[PDB]
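Number of protein chains: 2
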Amino acid sequence: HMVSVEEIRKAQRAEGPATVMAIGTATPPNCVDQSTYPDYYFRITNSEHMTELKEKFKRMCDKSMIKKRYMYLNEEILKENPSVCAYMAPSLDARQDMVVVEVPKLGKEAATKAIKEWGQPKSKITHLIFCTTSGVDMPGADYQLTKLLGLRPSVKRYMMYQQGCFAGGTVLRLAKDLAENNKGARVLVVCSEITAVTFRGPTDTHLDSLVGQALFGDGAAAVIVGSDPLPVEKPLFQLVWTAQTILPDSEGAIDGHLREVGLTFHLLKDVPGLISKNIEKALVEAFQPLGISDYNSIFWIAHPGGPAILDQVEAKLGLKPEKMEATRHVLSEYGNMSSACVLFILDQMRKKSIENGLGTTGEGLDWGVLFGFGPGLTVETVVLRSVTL
Amino acid sequence: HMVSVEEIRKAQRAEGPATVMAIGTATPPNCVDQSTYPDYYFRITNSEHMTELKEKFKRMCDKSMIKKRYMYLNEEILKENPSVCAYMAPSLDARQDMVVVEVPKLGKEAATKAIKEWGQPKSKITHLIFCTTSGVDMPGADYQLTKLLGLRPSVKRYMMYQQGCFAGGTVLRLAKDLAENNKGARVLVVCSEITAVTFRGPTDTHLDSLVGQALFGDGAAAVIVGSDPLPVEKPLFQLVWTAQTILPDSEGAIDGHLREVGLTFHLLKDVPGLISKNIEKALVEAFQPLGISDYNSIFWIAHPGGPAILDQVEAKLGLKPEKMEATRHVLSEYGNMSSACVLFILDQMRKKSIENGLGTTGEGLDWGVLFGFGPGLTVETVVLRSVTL
């Protein structure tokens, strides 16, 4: 018998839908209260002179709906590196020396918890996705993490550098295909974010860049994705359908330039406006095909870029305040951790469902949506199936 | 009737294997003779006074089996960005300013050609993979190309920044799954590499910097990949089987750091020695399941890191000197173009197959291998089926 390329293909493909089998999360040790961040931020940047600007920054932190955030940077590390406290001093190398080491360390912690939950030999991992918006190096963070966890050296790696806030959707859209087209494929997915690359002192001039100093926080999340679960693997959610789109009238809305001064952020245009004006379209393309029109009847995981996005979406669509609970909880407790955020929220949804003894991992509901938002302006959509408890 | 995730997955997947349906390539316009380069390079870098070092470089360029390379950089641009011409000076904002605009323009040229060959409308592209090693930005080169080509806003992007030389394997490995798991999916892949980011002056202390300045050249390549070819599509090669592995005793062999002075390559260990020692393993892994042990009976595409790599691989396996023609031709005519190189070589192989009326797109042979080599030390393997000409 001659082995045909067609016969190899039928034999090489998995059968069933891509399934999230574990979630692990992790943060750095230094916790930072939002209530007193203004006094702290303006103190440690030798910026007490700029008084009228401080009062604006209070309003920003007051409206932020963030209780606290975790950060690898502390006052110790800042004294050892004052170039990072300037608004615009040459400081990429100091910042790169931080994040190149630290992004894969925080990554490893999250991976360990996901692997433990999955409870299979780490040797059965076939594929690794590693996602970060905090520095770049060669070999990459994906390699550092392969070494740190001691995965099989012939693990298939996908390093996704410098993507931004929507990449939490991007990693699920990728993992979905790797699992569904490969029999026995077990995909480890890691998003790890460190605002050391982004942190700077303030100025009157670029107001946009001060909003970031109030929302962004550090965090890592890991998931395990695979098709055809063994009886001894515990499914959480199915990945069903995925979309990435660029919003119209959105050119230059969220910008990120990696410079000699580190990573800079620029807002033009009304991000919340743009997302809310265009959000029903994304929902229709996802859910019309399934015969679903009631957006209060599906569970919600939406990247919390700030509190304005969430409020303007809710208002536009007429979501009950319950639907953003899991999203608003992660925002309050951690802030905007960029790509990691939606994976944390997905954990928050599971934890709540178990806690209040609801019928499914998705607040007792069958179908759900995950949304990443970020530069483009890019919207990533993932349609989900809950699992029964 | 009630929609099931299992019934959705049956509908949503492709049938057959991933098929390269098109290849297009581009270079910057300024062409550069290797015969003369040592004088050019030492003048524009105000360093003819370093005369013993020039002799080392003349000897490197002599040993390189490179006739010529293409360069975005020229004399006018270096004279107007003199921070690039130092060995070490703050030069990153200058290089980023260049390659963020340029890396995607070059990609668009290659993509346009690939699209023409494929012969379908660009509205039927569903996925874009963009791969470079030359700067970063948010939004990224992927969003920049989508805009330049006027692809659909809801195209699914995969932005692979900063992976280096093995990535031509990585982009086929990725595209194989995107295509095979999604019915109707047509994948535009683009690798685009500009050496403006790594080009610097010479010094005695870092003799490894200098090897790079003698091997690395500029270029872009694009391919269309898809499963279930239409009657009016024209298959070139099938993607059968992919692998990635890190080599033992290879820690630190190829390093790359993005700093304020630009991208810097580093070398420990003997890179040709490590690849030669370990390659037969990768081939047994790939080909024994297909009952192939005679590596002269398959067609080759190897990343030409240097002549050394190709010289020792051929010596170790006992390959008839014909197997590595295609590979050595792209090296001779274009130099080490990192991620794009193996895609130029694939095209060269199909080109030469047609010129000489051979039975198949792979020099008359049915079965082939593509090898990516890069930082790790990483080795990508891609098993290819050729097509009856």
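Protein chains in written order, with the authors' numbering: chain A, 0 to 388; chain B, 0 to 388. No residue lacks a Cβ here, since even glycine has one placed at the ideal position from N, Cα and C.
Heavy atom of the ligand GTP within 7 angstroms of residue i beta-carbon
| i | result |
| --- | --- |
| A/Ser-385 | Questions concerning the ligand GTP fall outside what the structure shown contains, since it holds no ligand whatsoever. |
Which of helix, strand or coil DSSP assigns to residue i
| i | result |
| --- | --- |
| A/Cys-84 | coil |
| A/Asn-355 | coil |
| A/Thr-18 | strand |
| B/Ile-43 | helix |
| B/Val-386 | coil |
| B/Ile-274 | helix |
| B/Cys-190 | strand |
| B/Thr-326 | helix |
| A/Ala-184 | coil |
| B/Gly-363 | coil |
| B/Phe-56 | helix |
| A/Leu-144 | helix |
| A/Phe-236 | strand |
| B/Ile-344 | helix |
| B/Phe-298 | strand |
| A/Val-368 | strand |
| B/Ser-208 | helix |
| B/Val-2 | coil |
| A/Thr-197 | coil |
| B/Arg-12 | coil |
| B/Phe-286 | helix |
| B/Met-97 | helix |
| A/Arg-151 | coil |
| B/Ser-122 | helix |
Identified DSSP bridge partners for residue i
| i | result |
| --- | --- |
| A/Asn-335 | A/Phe-215 |
| B/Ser-226 | According to DSSP, which records beta bridges pairwise, B/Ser-226 is partnered with nothing at all. |
| A/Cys-30 | A/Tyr-69 |
| B/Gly-255 | A/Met-137, B/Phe-264 |
| A/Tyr-157 | A/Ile-128 |
| B/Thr-377 | B/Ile-245, B/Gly-373 |
| A/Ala-25 | A/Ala-219 |
8 angstroms CB neighbourhood of residue i in its chain, flanking five on each side removed
| i | result |
| --- | --- |
| A/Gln-311 | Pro-271, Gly-272, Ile-274, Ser-275 |
| B/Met-87 | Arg-199, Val-260 |
| B/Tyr-69 | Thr-26, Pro-27, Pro-28, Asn-29, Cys-30, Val-31, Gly-216, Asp-217, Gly-218, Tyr-333 |
Own chain residues within Cβ distance below 7 angstroms of residue i, not counting five before or after
| i | result |
| --- | --- |
| A/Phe-372 | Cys-164, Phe-165, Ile-274, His-302, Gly-304, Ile-308, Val-378 |
| B/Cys-340 | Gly-167, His-302, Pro-303, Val-329 |
| B/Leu-262 | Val-196, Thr-197, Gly-255 |
| B/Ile-43 | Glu-74, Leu-77, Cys-84 |
| B/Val-188 | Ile-128, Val-170, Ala-174, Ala-221, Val-222, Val-224 |
| B/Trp-240 | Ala-285, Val-382 |
| A/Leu-267 | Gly-251, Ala-252 |
| A/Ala-178 | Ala-13, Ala-17, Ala-184, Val-186, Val-224, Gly-225, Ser-226 |
Cut-off 6 angstroms between Cβ atoms - residues of its own chain near residue i, not counting five sequence neighbours on either side
| i | result |
| --- | --- |
| B/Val-4 | none |
| A/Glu-108 | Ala-25 |
| A/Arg-12 | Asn-180 |
| B/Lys-315 | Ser-275 |
| A/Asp-346 | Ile-22, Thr-24 |
| B/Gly-361 | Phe-298, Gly-367, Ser-385 |
| A/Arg-156 | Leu-127, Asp-141 |
| A/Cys-130 | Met-159, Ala-166, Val-170, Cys-190, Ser-338 |
Chain-ordered neighbours of residue i on chain D, where CB pairs are closer than 8 angstroms
| i | result |
| --- | --- |
| B/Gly-15 | The chain labelled as chain D is not found among the protein chains of the depicted structure, namely A and B. |
(request) Assess, as a yes-or-no matter, whether the region 199-212 of chain B is touched by the region 41-60 of chain B under the definition of 3 or more beta carbon pairs within less than 8 angstroms. (result) yes
(request) Could you tell me whether the region 278-292 of chain A touches the region 362-375 of chain A, where touching means 3 or more Cβ pairs closer than 8 angstroms? (result) yes
(request) Please confirm if the region 257-265 of chain A is in contact with the region 91-99 of chain A, defined as three or more CB-CB distances below 8 angstroms between the two stretches. (result) yes
(request) Below 7 angstroms between beta carbons is the criterion; list the residues of the region 275-287 of chain A that meet it against any residue of chain B, in chain order. (result) none
(request) Decide yes or no for the touch test of the region 242-254 of chain A against the region 216-223 of chain A: beta carbon pairs closer than 8 angstroms, at least 3 of them. (result) no
(message) Between the region 286-300 of chain A and the region 114-124 of chain A, can you find at least three pairs of beta-carbon atoms closer than 8 angstroms?
(response) no
(request) Inspect the CB distances between the region 96-106 of chain A and the region 131-146 of chain A and report whether three or more fall short of 8 angstroms. (result) yes
(message) Using a Cβ distance threshold of 8 angstroms, determine whether the region 169-184 of chain A contacts the region 206-214 of chain A, with at least three qualifying pairs required.
(response) no
(message) With a threshold of 8 angstroms, are at least 3 pairs of Cβ atoms found where one atom belongs to the region 225-234 of chain B and the other to the region 113-122 of chain B?
(response) yes
(message) By the 9 angstroms beta-carbon criterion, what residues does the region 136-152 of chain B contribute toward chain A?
(response) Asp-136, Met-137, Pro-138, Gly-139, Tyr-142, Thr-145, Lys-146, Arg-151, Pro-152
(request) Closer than 8 angstroms, Cβ to Cβ, to anything on chain B: give me those residues from the region 79-95 of chain A, in chain order. (result) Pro-89, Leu-91, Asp-92, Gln-95
(request) Report the residues of the region 52-68 of chain A with a CB closer than 7 angstroms to any CB of chain B, ordered along the chain. (result) none
(message) Beta carbons nearer than 8 angstroms to chain A: which residues of the region 230-242 of chain B have them?
(response) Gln-237, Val-239, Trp-240, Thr-241, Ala-242
(request) Identify each residue in the region 353-378 of chain A for which the Cβ-Cβ distance to at least one residue of chain B is less than 9 angstroms, and report them in chain order. (result) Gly-373, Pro-374, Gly-375, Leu-376, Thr-377
(request) For the region 179-194 of chain A, enumerate the residues whose C-beta is nearer than 8 angstroms to any C-beta of chain B, in chain order. (result) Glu-179, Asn-180, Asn-181
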